[PDB]
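Scroll down for the structure; my scribbles are underneath it.
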Amino acid sequence: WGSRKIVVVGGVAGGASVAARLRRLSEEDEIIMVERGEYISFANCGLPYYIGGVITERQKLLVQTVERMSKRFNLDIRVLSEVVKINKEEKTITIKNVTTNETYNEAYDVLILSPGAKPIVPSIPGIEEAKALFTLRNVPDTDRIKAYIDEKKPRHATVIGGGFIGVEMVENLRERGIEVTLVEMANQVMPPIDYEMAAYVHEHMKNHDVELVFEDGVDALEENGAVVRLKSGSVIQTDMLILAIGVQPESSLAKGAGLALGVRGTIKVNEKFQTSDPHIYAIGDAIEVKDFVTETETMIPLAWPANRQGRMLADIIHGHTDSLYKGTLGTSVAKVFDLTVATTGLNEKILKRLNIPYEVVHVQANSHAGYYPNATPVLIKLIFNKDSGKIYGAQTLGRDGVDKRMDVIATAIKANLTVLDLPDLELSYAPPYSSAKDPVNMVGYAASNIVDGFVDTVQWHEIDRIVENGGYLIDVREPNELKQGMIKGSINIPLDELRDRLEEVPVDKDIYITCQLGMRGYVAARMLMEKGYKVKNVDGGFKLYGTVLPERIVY
Amino acid sequence: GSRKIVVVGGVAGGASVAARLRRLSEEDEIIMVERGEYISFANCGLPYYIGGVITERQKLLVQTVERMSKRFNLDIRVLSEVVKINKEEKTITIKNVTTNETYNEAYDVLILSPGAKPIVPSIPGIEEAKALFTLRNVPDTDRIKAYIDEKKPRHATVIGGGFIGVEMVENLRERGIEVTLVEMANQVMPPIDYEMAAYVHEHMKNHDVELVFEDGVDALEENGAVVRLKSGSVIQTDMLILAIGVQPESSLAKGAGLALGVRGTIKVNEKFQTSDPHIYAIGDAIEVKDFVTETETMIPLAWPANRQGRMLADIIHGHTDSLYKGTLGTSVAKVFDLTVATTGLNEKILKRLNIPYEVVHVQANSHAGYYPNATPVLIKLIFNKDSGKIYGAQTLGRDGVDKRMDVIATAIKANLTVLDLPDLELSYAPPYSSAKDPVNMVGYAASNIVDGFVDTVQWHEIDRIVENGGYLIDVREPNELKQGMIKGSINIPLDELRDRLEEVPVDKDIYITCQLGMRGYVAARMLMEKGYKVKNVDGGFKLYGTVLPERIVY
Ligand SMILES: Cc1cc2nc3c(=O)[nH]c(=O)nc-3n(C[C@H](O)[C@H](O)[C@H](O)COP(=O)(O)OP(=O)(O)OC[C@H]3O[C@@H](n4cnc5c(N)ncnc54)[C@H](O)[C@@H]3O)c2cc1C
Ligand SMILES: Cc1cc2nc3c(=O)[nH]c(=O)nc-3n(C[C@H](O)[C@H](O)[C@H](O)COP(=O)(O)OP(=O)(O)OC[C@H]3O[C@@H](n4cnc5c(N)ncnc54)[C@H](O)[C@@H]3O)c2cc1C
Ligand SMILES: CC(C)(COP(=O)(O)OP(=O)(O)OC[C@H]1O[C@@H](n2cnc3c(N)ncnc32)[C@H](O)[C@@H]1OP(=O)(O)O)[C@@H](O)C(=O)NCCC(=O)NCCS
Ligand SMILES: CC(C)(COP(=O)(O)OP(=O)(O)OC[C@H]1O[C@@H](n2cnc3c(N)ncnc32)[C@H](O)[C@@H]1OP(=O)(O)O)[C@@H](O)C(=O)NCCC(=O)NCCS
Ligand SMILES: Nc1ncnc2c1ncn2[C@@H]1O[C@H](COP(=O)(O)OP(=O)(O)O)[C@@H](O)[C@H]1O
């Protein structure tokens with residue numbers, strides 16, 4: 001191969017990963033990495049934890065130092081340097097040294113854009129006057145927020161936006177002993193998960209004394225940001241504000257060079273990360289990707305994709321194209337106090353938006369064998385095609401073993417496995433780690449029973465209307481479990497008595513079954529179907545129902 | 001229509017097949033026959049009950065006879081031993097364990113899940129060894145715990161260092177009992193390789209276990225209290241645990257003239273049918289094909305037994321038959337503060353089969369190192385250099401090990417290659433992983449070998465190479481030289497190496513080591529691009545020093 005001059009814009013997830021592999025592929029290339037901030041390869045993801053005091057050493061946030069990385073990979077690394085213009089027909093970029101104010105042109109053979117995404121700053125009246133309002137992207141942002149806490153001693157904080165980052169900021173502020181109110185315009189935290197799953201998360205957040213405000217936004221900031229006026233008319237008195245309402249692609253360099261843009265102003269790229277200009281590539285948060293599951297054009301700002309893209313791009317530049325980017329699955333995970341919450345693929349809200357017919361199952365299973373100490377429930381929601389078994393997505397929550405289960409399912413999806421394959425994943429079993437049938441196997445069996453037609457089901461959001469319309473709902477729990485509550489219109493026939501009490505089951509009504517988790521309701525469903533009854537099981541049983549619709553519980 | 005299905009064995013395979021059969025058909029008469037007092041007990045929990053970790057004896061009983069028989073309308077017969085299959089009459093002979101009285105029971109379909117039994121060696125004086133125990137069932141467990149309570153043993157000898165022997169070592173140790181493990185092989189845990197075992201040994205020694213390798217018991221003297229070893233060494237002991245493996249419980253099948261397989265297993269086809277069309281068999285008792293090479297073997301594990309039972313129920317009364325694609329052999333054990341996991345084949349088996357392979361050892365953190373309490377996860381991946389076919393993997397460390405093994409075991413069953421592992425999009429936030437997971441990382445390392453970006457040598461090769469003209473460069477920072485080096489090493493720190501190229505001889509084969517292998521790989525890339533013939537020492541000094549600590553040079 002012939003040596004070229006390769007210029008990388010942005011020195012973090014995408015830029016650093018491509019630069020390092022590029023060097024490993026060639027000792028002769030000139031490789032220049034231009035970064036407007038002071039630091040390269042900092043741990044963006046660690047920022048909230050440094051604020052919370054969980055990460056105690058600021059220096060641990062520096063994954064690579066400029067000195068170390070330039071020497072190791074013979075990189076010309078230029079921090080405090082802003083690319084202000086791309087000149088594509090000239091094949092140069094214009095760079096401003098932020099320290100010295102000198103500007104100059106840098107010629108390139110290949111230009112790689114990884115400039116990321118910037119926080120969305122809303123036009124709220126009084127936002128300019130808001131003294132203690134912060135966004136979180138970089139190290140200076142982090143220093144500033146931490147300095148304010150340490151020096152001004154806020155007693156209450158308001159977080160605007162309940163995405164994965166707003167939520168992590170909620171936790172870390174609580175960790176500092178700051179009282180927290182979270183304001184969300186949606187009816188749930190964490191857009192990636194569905195409403196009934198968020199119901200569990202809300203419970204855990206409120207149990208750690210977080211005030212949750214839903215279906216409300218900031219209408220105005222008054223008193224220099226000390227008074228937050230909500231759209232509804234309610235008021236929050238606060239000592240500081242964290243804005244976490246999402247991100248927008250840093251595509252202004254592309255727009256300025258007349259490069260094609262994708263959805264939501266992302267930089268548009270082809271299969272090889274090439275922009276509309278043959279010599280300019282782009283990766284990371286700023287680019288348009290296809291989602292793995294539907295191959296729909298989207299924007300998914302995550303670290304694994306940025307790193308994977310940068311890594312693959314280096315190979316592609318060197319003509320190693322046997323493997324091209326397959327799209328982004330959207331596997332994500334967050335710590336929420338004592339809970340782990342994970343997601344992959346698509347949720348119900350997106351699939352409805354795309355007019356894609358699906359089914360769901362919710363299966364709660366222990367992190368490991370119940371007979372071994374400290375087992376804890378893991379809840380898996382699996383979304384799939386009733387006909388093909390194609391997995392559209394999954395969501396998981398629980399105190400332990402959640403990341404493991406998400407990773408296996410995410411692995412299965414990318415390997416083009418269907419729900420019918422999940423029960424056949426031979427996973428690691430010993431008492432401290434799993435059960436002879438893992439939670440993943442278990443959710444696979446439940447989904448397979450729907451695919452195979454062994455069970456017909458209704459959802460938590462369907463059951464009440466079904467009962468109003470004349471559905472006969474049999475609760476198969478033991479009588480003592482009913483003290484936890486019940487679904488309105490339930491008639492109690494304990495599962496273990498059911499086979500003896502069939503005469504009590506009407507053959508002139510459509511039968512619906514619930515238990516606590518769905519498992520015993522399924523067994524009852526199987527029995528009744530084999531006896532020639534038309535029957536459906538309430539997916540997730542009462543435990544799920546009561547979490548998402550607590551106000552409808554009958555005692 | 002209706003069938004009479006008789007299930008022999010009421011635990012993992014037997015209870016699994018029985019419950020699904022009922023869910024499929026309300027019409028069938030299902031009889032489950034078990035020689036012991038309990039069904040569905042937690043066999044796997046037994047060592048932790050002995051260790052006082054599982055405090056409730058009652059937790060060891062997963063479902064009672066009465067509750068399960070009611071729930072699934074099962075005729076469940078405990079303390080009933082099937083003594084004979086009468087395959088011409090389609091009957092079995094059952095003996096009441098309490099009274100020795102027998103009766104016959106006809107079947108339409110017969111399902112054998114009788115499990116496996118401990119291997120008892122012929123040791124002189126074993127019949128006099130009052131404190132010698134094997135571990136299989138609840139009564140065994142009660143006897144062991146009773147012995148400990150009544151005699152307060154100061155010291156215990158575990159014979160056999162497999163997954164079960166090691167668990168017993170742990171649980172006895174944590175009771176304050178001194179433990180000596182006696183092993184015929186040069187390592188504990190046959191499923192893992194020697195250099196990976198080195199990590200387990202060190203950890204066990206750190207928990208004050210005495211490890212005895214390449215040895216065996218020649219004699220038990222003074223009623224088992226004196227252990228005479230083949231080496232000449234003598235162990236004084238207060239109790240012995242024999243854990244030298246299990247053999248299939250295939251006597252019923254053998255007695256009925258059914259085909260047998262390797263190690264006396266019950267031979268079955270892809271649908272678990274024996275050589276008799278109305279007799280099926282699942283669990284530890286059966287021959288399976290290993291998933292990776294489709295070689296006939298025996299892998300006595302609970303996931304397979306549970307899976308086989310559900311599948312067999314479907315074959316009989318479910319929809320489209322799924323066929324068993326064999327056992328991968330995914331396993332995991334707790335070893336004090338360590339998790340040790342394996343899947344597929346190890347080097348010892350691959351070498352025995354003369355299958356060409358490469359290996360990589362990649363140590364990476366359980367999660368991002370900038371977040372608190374990250375701990376190393378060592379992954380060994382074994383693969384084909386040409387195809388990238390995964391032959392097997394082993395992993396160990398304090399946390400995040402079960403997760404990495406499960407991902408890899410998923411990939412293998414999904415027929416992914418090492419080249420696909422880097423593209424697995426896993427869950428990343430600081431507490432859970434890194435932007436490139438350990439699994440991605442081991443994938444990248446293996447892919448570089450497959451694609452020819454690096455050539456490597458092993459811990460067991462480097463000394464000989466150095467003896468025979470190899471030029472070995474240690475590219476660690478000088479500070480990292482604290483625990484020593486490989487003999488003949490010349491230190492040129494990676495970050496200085498590009499500037500000190502003149503110091504690298506151009507007419508010699510160059511070998512590179514770092515601490516974990518990553519920086520040696522970077523050095524190797526650099527030198528290859530500069531025209532040198534170079535190989536990286538896989539696993540670096542940390543692996544080498546762990547497996548060959550007596551060869552470490554200061
Ligand atoms: C608080 C926080 C927590 C997060 N947590 C997680 C998590 O747990 N898991 C996860 O997967 N993802 C997480 N992310 C997202 C993750 O950080 C991003 O997906 C990833 O960093 C994107 O990589 P990138 O290279 O596109 O952009 P970045 O990493 O943002 O790097 C882009 C760089 O380019 C520079 N730049 C931009 N324009 C110019 C210019 N004109 N000239 C010079 N330089 C320029 C910027 O200064 C920036 O440093 C988190 C993000 C934040 C903000
Ligand atoms: C101490 C211990 C720990 C273990 N830990 C693990 C672990 O952590 N992970 C793992 O994957 N595996 C583990 N195993 C192995 C696991 O228990 C087996 O793989 C699994 O139980 C096999 O299921 P099976 O149905 O074939 O046999 P079993 O579960 O053993 O059931 C066989 C039953 O059949 C009965 N039987 C036999 N013959 C007759 C007859 N003629 N008439 C009536 N009944 C009969 C036996 O009494 C026995 O109860 C462990 C085993 C032991 C002993
Ligand atoms: C660290 C960073 C610069 C990447 O640089 P890198 O040199 O690729 O470092 P990595 O640790 O990713 O190294 C992986 C390489 O080492 C190899 N490797 C790792 N361990 C190995 C071992 N034990 N033996 C041999 N090779 C090993 C891999 O095969 C891979 O090589 P390849 O890419 O040539 O195939 C970049 O990921 C970064 O800046 N990260 C922090 C920023 C970020 O991700 N932010 C988002 C929010 S957290
Ligand atoms: C437990 C045992 C009796 C099997 O009985 P089982 O009724 O199959 O119990 P499981 O929990 O395995 O099965 C759960 C069933 O409910 C379904 N299910 C579970 N949760 C559900 C939910 N929330 N909603 C709907 N269905 C659910 C599963 O799909 C499965 O049904 P299917 O097989 O018809 O698809 C048996 O495996 C056993 O004896 N185990 C312990 C012994 C052992 O494994 N020993 C080895 C050493 S530990
Ligand atoms: N005579 C013997 N003395 C000591 N150890 C032995 C002897 N025979 C076999 N072993 C060892 O016992 C271990 C048994 O491992 P494994 O097959 O897992 O048994 P189990 O399933 O009972 O744990 C192996 O490591 C094997 O090398």
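Numbered from 1 within each chain, the chains take letters A, B, ... in sequence-line order. Note: hydrogens, waters and symmetry copies are ignored here, and every other heavy atom, side chains too, is used.
Annotation for A:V333 and A:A342: closest pair CG2-CB, 3.8 Å, computed over non-hydrogen atoms. Between A:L136 and A:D141 the shortest heavy-atom distance is C-OD2, 3.9 Å. Closest approach of A:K231 and A:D216 over heavy atoms only: N-OD1, 3.2 Å. Scanning both residues, A:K88 and A:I280, for their nearest heavy atoms gives CB-CD1, 4.0 Å.
Rounded to the nearest 0.5 angstrom, A:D239 CG and A:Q237 CD are separated by 9.5 Å. Between the CD1 atom in A:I350 and the OG1 atom in A:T296 there is a gap of 9.5 Å [rounded to 0.5 Å]. Residue A:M33 holds its CE atom at 4.0 Å from CD1 of A:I77, rounded to the nearest 0.5 Å. Once rounded to the nearest 0.5 Å, the distance linking CE of A:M299 with CD of A:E297 reads 15.0 Å. A:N347 CG to A:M190 CE: the interatomic distance, rounded to the nearest 0.5 Å, is 11.5 Å.
Relative ring orientation between A:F337 and A:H208 is described as parallel, the plane-to-plane angle staying below 30° on a 0-90° scale split at 30° and 60°.
Looking only at side-chain heavy atoms (C-beta outward), A:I380 and A:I409 come within less than 4.5 Å of each other. The shortest distance between side-chain heavy atoms of A:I86 and A:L113 falls below 4.5 Å. Put simply, the side chain of A:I316 reaches to within 4.5 Å of the side chain of A:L324, judged on heavy atoms. In this structure, A:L261 and A:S251 have side chains that are in contact, with non-hydrogen atoms separated by less than 4.5 Å. Using a 4.5 Å heavy-atom cutoff, the side chains of A:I383 and A:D194 are in contact. Proximity of B:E425 to A:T328: side-chain heavy atoms (C-beta onward) are separated by under 4.5 Å at one or more points. A:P122 places a side-chain heavy atom less than 4.5 Å from the side chain of A:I127. Under the 4.5 Å side-chain criterion, counting only non-hydrogen atoms from C-beta, A:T411 is in contact with B:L426.
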- Message: Walk me through whether A:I93 and A:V7 qualify under side-chain contact (heavy atoms from CB on, under 4.5 Å).
- Response: CA-CA 9 Å; A:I93 58 169; A:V7 182; 3.6 Å; yes
- Task: Go through A:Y392 and A:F384 one step at a time and tell me if the ring-ring contact (aromatic ring centres under 6.0 Å, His included) criterion holds.
- Result: CA-CA 5 Å; A:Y392 292 127; A:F384 60 97; 8.4 Å; no
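The closest donor-acceptor contact from the side chain of A:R144 to the backbone of A:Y148 lies at 3.5 Å or more, if one exists at all. Checked by atom type and distance alone, the side chain of A:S81 pairs as donor or acceptor with a backbone atom of A:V79 at under 3.5 Å. The backbone N or O of B:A368 sits nowhere less than 3.5 Å from a side-chain atom of B:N365 that would complete a donor-acceptor pair. When atom types are taken as modelled, the side chain of B:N440 and the backbone of B:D437 share a donor-acceptor pair closer than 3.5 angstrom. Of the possible polar contacts, none joining the A:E171 side chain to the A:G166 backbone as a donor-acceptor pair under 3.5 Å is found. When atom types are taken as modelled, the side chain of A:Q459 and the backbone of A:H461 share no donor-acceptor pair closer than 3.5 angstrom. Between the side chain of A:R176 and the backbone N or O of A:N172 there is no donor-acceptor pair closer than 3.5 Å. Counting only distance, with no hydrogens or angles, the side chain of B:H367 and the backbone of B:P431 share a donor-acceptor pair below 3.5 Å. At distances below 3.5 Å, not a single donor-acceptor pair connects side-chain atoms of A:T344 with backbone N or O atoms of A:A394.
Of the residues A:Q364, A:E196, A:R405, the one that meets the side-chain contact (heavy atoms from CB on, under 4.5 Å) test with A:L379 is A:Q364. Exactly one residue among A:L329, A:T331, A:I391, A:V293 makes a side-chain contact (heavy atoms from CB on, under 4.5 Å) with A:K414. That residue is A:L329.
When only modelled atom types and interatomic distance are considered, A:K352 and A:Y358 share a side-chain donor-acceptor pair under 3.5 Å.
A salt bridge is absent between A:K290 and A:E295: the closest approach of a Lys/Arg side-chain nitrogen to an acidic carboxylate oxygen does not fall below 4.0 angstrom. Using a 4.0 Å cut-off between charged nitrogen and carboxylate oxygen, A:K272 and A:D315 do not count as a salt-bridge pair.
Geometrically, A:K146 engages A:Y50 in a cation-pi contact, judged by NZ or CZ lying under 6.0 Å from the ring centre and within 45° of the ring axis.
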